[PDB]
Amino acid sequence: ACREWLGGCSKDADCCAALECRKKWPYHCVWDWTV
């Protein structure tokens, strides 16, 4: 499985989908398409 929203950043390639690797604390997948 991949890390969903608020899931720990493993990669910045969405990590799951439509997300990004947070570049600021806390470092977990946040929705990119929501900005």
# chains A, B, ... in the order shown; residues from 1 in each chain; ligands from 1
>>> residues_around(residues="residue 9 (chain A)", least_positions_apart="4", cutoff="9 Å", atoms="only C-alpha atoms", output="ChimeraX atom specification")
/A:3,15,20-22,27-29
>>> select_by_dssp(residues="chain A", states="strand (DSSP E)", output="list in words")
residues 19, 20, 21, 29, 30 and 31 of chain A
>>> atom_distance(atom1="CA of residue 1 (chain A)", atom2="CA of residue 31 (chain A)")
17.4 Å
>>> residues_around(residues="residue 18 (chain A)", least_positions_apart="3", cutoff="6 Å", atoms="only C-alpha atoms", output="mmCIF file with C-alpha atoms, in the first residue's frame")
data_model
loop_
_atom_site.group_PDB
_atom_site.id
_atom_site.type_symbol
_atom_site.label_atom_id
_atom_site.label_comp_id
_atom_site.auth_asym_id
_atom_site.auth_seq_id
_atom_site.Cartn_x
_atom_site.Cartn_y
_atom_site.Cartn_z
ATOM 1 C CA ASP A 14 2.109 11.802 -5.168
ATOM 2 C CA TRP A 31 -3.229 17.061 -1.537
ATOM 3 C CA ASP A 32 -1.527 18.888 -4.393
ATOM 4 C CA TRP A 33 -4.608 19.298 -6.545
#
>>> residues_around(residues="residue 2 (chain A)", least_positions_apart="3", cutoff="10 Å", atoms="only C-alpha atoms", output="MDAnalysis selection string")
chainID A and resid 5 7:11 14:17
>>> write_last_selection(atoms="C-alpha atoms", output="short mmCIF file (atom, residue, chain, number, x, y, z; two decimals), in the first residue's frame")
data_model
loop_
_atom_site.label_atom_id
_atom_site.label_comp_id
_atom_site.auth_asym_id
_atom_site.auth_seq_id
_atom_site.Cartn_x
_atom_site.Cartn_y
_atom_site.Cartn_z
CA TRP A 5 -3.26 11.88 2.95
CA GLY A 7 0.71 9.57 5.54
CA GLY A 8 4.45 9.82 6.04
CA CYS A 9 6.32 11.08 2.99
CA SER A 10 8.10 8.26 1.21
CA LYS A 11 8.19 9.92 -2.21
CA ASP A 14 2.11 11.80 -5.17
CA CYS A 15 3.14 8.92 -2.94
CA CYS A 16 -0.38 7.65 -3.67
CA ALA A 17 -2.22 9.99 -6.05
#
>>> decode(residues="region 2-30 of chain A", atoms="N, CA and C atoms", output="CSV table (one decimal), in the first residue's frame")
chain,number,residue,atom,x,y,z
A,2,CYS,N,0.3,2.4,-0.4
A,2,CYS,CA,1.0,3.6,-0.4
A,2,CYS,C,0.4,4.5,0.7
A,3,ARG,N,1.2,5.5,1.1
A,3,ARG,CA,0.8,6.4,2.1
A,3,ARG,C,-0.3,7.4,1.6
A,4,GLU,N,-1.4,7.4,2.3
A,4,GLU,CA,-2.5,8.3,1.9
A,4,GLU,C,-2.3,9.7,2.4
A,5,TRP,N,-3.3,10.5,2.4
A,5,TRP,CA,-3.3,11.9,3.0
A,5,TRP,C,-2.8,11.8,4.4
A,6,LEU,N,-1.9,12.7,4.8
A,6,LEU,CA,-1.4,12.7,6.2
A,6,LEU,C,-0.5,11.5,6.4
A,7,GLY,N,-0.2,10.7,5.4
A,7,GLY,CA,0.7,9.6,5.5
A,7,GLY,C,2.1,10.0,5.3
A,8,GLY,N,3.1,9.4,6.1
A,8,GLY,CA,4.5,9.8,6.0
A,8,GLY,C,5.0,9.8,4.6
A,9,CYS,N,5.8,10.9,4.3
A,9,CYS,CA,6.3,11.1,3.0
A,9,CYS,C,7.4,10.0,2.7
A,10,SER,N,7.1,9.2,1.7
A,10,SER,CA,8.1,8.3,1.2
A,10,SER,C,8.7,8.8,-0.1
A,11,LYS,N,7.8,9.4,-0.9
A,11,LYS,CA,8.2,9.9,-2.2
A,11,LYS,C,7.3,11.1,-2.6
A,12,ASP,N,7.8,11.9,-3.5
A,12,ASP,CA,7.0,13.1,-3.9
A,12,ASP,C,6.2,12.9,-5.1
A,13,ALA,N,6.3,11.7,-5.7
A,13,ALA,CA,5.5,11.4,-6.9
A,13,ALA,C,4.1,11.0,-6.5
A,14,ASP,N,3.5,11.9,-5.7
A,14,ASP,CA,2.1,11.8,-5.2
A,14,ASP,C,2.1,10.9,-4.0
A,15,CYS,N,3.0,10.0,-4.0
A,15,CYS,CA,3.1,8.9,-2.9
A,15,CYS,C,2.0,7.9,-3.1
A,16,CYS,N,0.8,8.5,-3.3
A,16,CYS,CA,-0.4,7.6,-3.7
A,16,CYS,C,-0.9,8.2,-5.0
A,17,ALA,N,-1.7,9.3,-4.9
A,17,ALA,CA,-2.2,10.0,-6.1
A,17,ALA,C,-2.8,11.4,-5.7
A,18,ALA,N,-2.5,12.4,-6.5
A,18,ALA,CA,-3.0,13.7,-6.3
A,18,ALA,C,-2.4,14.4,-5.1
A,19,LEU,N,-1.3,13.8,-4.6
A,19,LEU,CA,-0.7,14.3,-3.3
A,19,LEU,C,0.7,14.8,-3.6
A,20,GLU,N,1.4,15.3,-2.6
A,20,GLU,CA,2.8,15.7,-2.7
A,20,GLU,C,3.5,15.4,-1.4
A,21,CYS,N,4.8,15.4,-1.4
A,21,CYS,CA,5.6,15.3,-0.2
A,21,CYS,C,5.8,16.6,0.4
A,22,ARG,N,5.2,16.7,1.6
A,22,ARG,CA,5.2,18.0,2.3
A,22,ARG,C,6.6,18.5,2.5
A,23,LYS,N,6.9,19.7,2.1
A,23,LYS,CA,8.2,20.3,2.2
A,23,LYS,C,8.4,21.1,3.5
A,24,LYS,N,7.3,21.0,4.3
A,24,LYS,CA,7.3,21.7,5.6
A,24,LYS,C,6.7,20.8,6.6
A,25,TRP,N,7.1,20.9,7.9
A,25,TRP,CA,6.6,20.1,9.0
A,25,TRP,C,5.1,20.3,9.1
A,26,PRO,N,4.3,19.2,9.2
A,26,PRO,CA,4.8,17.8,9.2
A,26,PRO,C,4.9,17.3,7.8
A,27,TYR,N,5.9,16.4,7.7
A,27,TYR,CA,6.3,15.9,6.3
A,27,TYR,C,5.5,14.6,6.0
A,28,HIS,N,4.3,14.9,5.5
A,28,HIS,CA,3.4,13.8,5.0
A,28,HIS,C,2.6,14.2,3.8
A,29,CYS,N,2.1,13.2,3.1
A,29,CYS,CA,1.4,13.4,1.8
A,29,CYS,C,0.2,14.4,2.0
A,30,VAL,N,0.3,15.5,1.3
A,30,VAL,CA,-0.8,16.5,1.3
A,30,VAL,C,-1.3,16.7,-0.1
